[PDB]
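What follows is a short report on a single structure.
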Amino acid sequence: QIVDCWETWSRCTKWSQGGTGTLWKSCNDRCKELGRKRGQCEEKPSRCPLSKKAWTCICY
């Protein structure tokens, strides 16, 4: 949830952070940080430093 931006569904679910840093932990843990069950890559540029892509795992 905190800092995640990709283009392909498989990308935001496995990685996180533009350029791939060290705090990805997949969409699973990246959503566990907010106490959510799962996450789906939605087109939300509100959290995407790369607006050309605008794909990020939305925690549900």
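So you can find residues: chains in the structure tokens are A, B, ... in the order shown, residues in each start at 1, and ligands are numbered from 1 in order.
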All residues 9 Å or closer to residue 27 in chain A, only C-alpha atoms, same chain fewer than 6 positions away omitted, as JSON, numbers by chain = {"A": [1, 12, 13, 14, 15, 16, 38, 39, 40, 41, 57, 58, 59]}
Computed interatomic separation between CA of residue 52 in chain A and CA of residue 36 in chain A (Å) =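 Computing it gives 26.7 Å between the two atoms.
Look at residue 3 in chain A: the protein and nucleic acid residues within 8 Å of it, using only C-alpha atoms and passing over chain neighbours fewer than 3 places away, are residues 16, 17, 47 and 48 of chain A.
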Based on the selection just made, write N, CA, C and O atoms of those residues as a compact mmCIF listing (two decimals), in the first residue's frame.
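Written out: part_0.txt:
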```
# COMPACT_ATOMS: atom_id res chain seq x y z
N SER A 16 7.07 -4.28 -5.81
CA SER A 16 6.56 -3.00 -5.39
C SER A 16 7.72 -2.03 -5.51
O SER A 16 8.88 -2.44 -5.56
N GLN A 17 7.37 -0.76 -5.59
CA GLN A 17 8.34 0.34 -5.71
C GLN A 17 8.89 0.47 -7.12
O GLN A 17 9.29 -0.52 -7.75
N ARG A 47 -1.39 6.90 -6.10
CA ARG A 47 -0.28 6.34 -5.36
C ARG A 47 0.77 5.81 -6.33
O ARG A 47 1.61 4.99 -5.97
N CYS A 48 0.73 6.29 -7.56
CA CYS A 48 1.65 5.82 -8.57
C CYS A 48 2.57 6.93 -9.08
O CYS A 48 2.14 7.80 -9.83
```
State, in Å with one decimal place, the distance from CA of residue 22 in chain A to CA of residue 45 in chain A.
->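 Between CA of residue 22 in chain A and CA of residue 45 in chain A the gap is 21.6 Å.
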Choose the residue, out of A:60, A:32, A:2, A:23, that has the smallest atom-to-atom separation from residue 46 in chain A; count only C-alpha atoms.
-> A:2
Excluding same-chain residues fewer than 5 positions from range 18-20 of chain A, what lies within 8 Å of it counting only C-alpha atoms, as a PDB file with C-alpha atoms, in the first residue's frame?
```pdb
ATOM      1  CA  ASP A   4       3.809   0.696  -5.038  1.00  0.00           C
ATOM      2  CA  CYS A   5       3.589   1.318  -8.782  1.00  0.00           C
ATOM      3  CA  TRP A   6       3.804  -1.038 -11.751  1.00  0.00           C
ATOM      4  CA  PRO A  49       4.852   7.879  -9.110  1.00  0.00           C
ATOM      5  CA  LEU A  50       4.687   6.490 -12.644  1.00  0.00           C
TER       6      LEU A  50
END
```
Just list the residues in chain A DSSP gives helix (DSSP H, G or I) on the backbone, as a list in words.
->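 Put together, the selection reads residues 9, 10, 11, 12, 13, 14, 26, 27, 28, 29, 30, 31, 32, 45, 46 and 47 of chain A.
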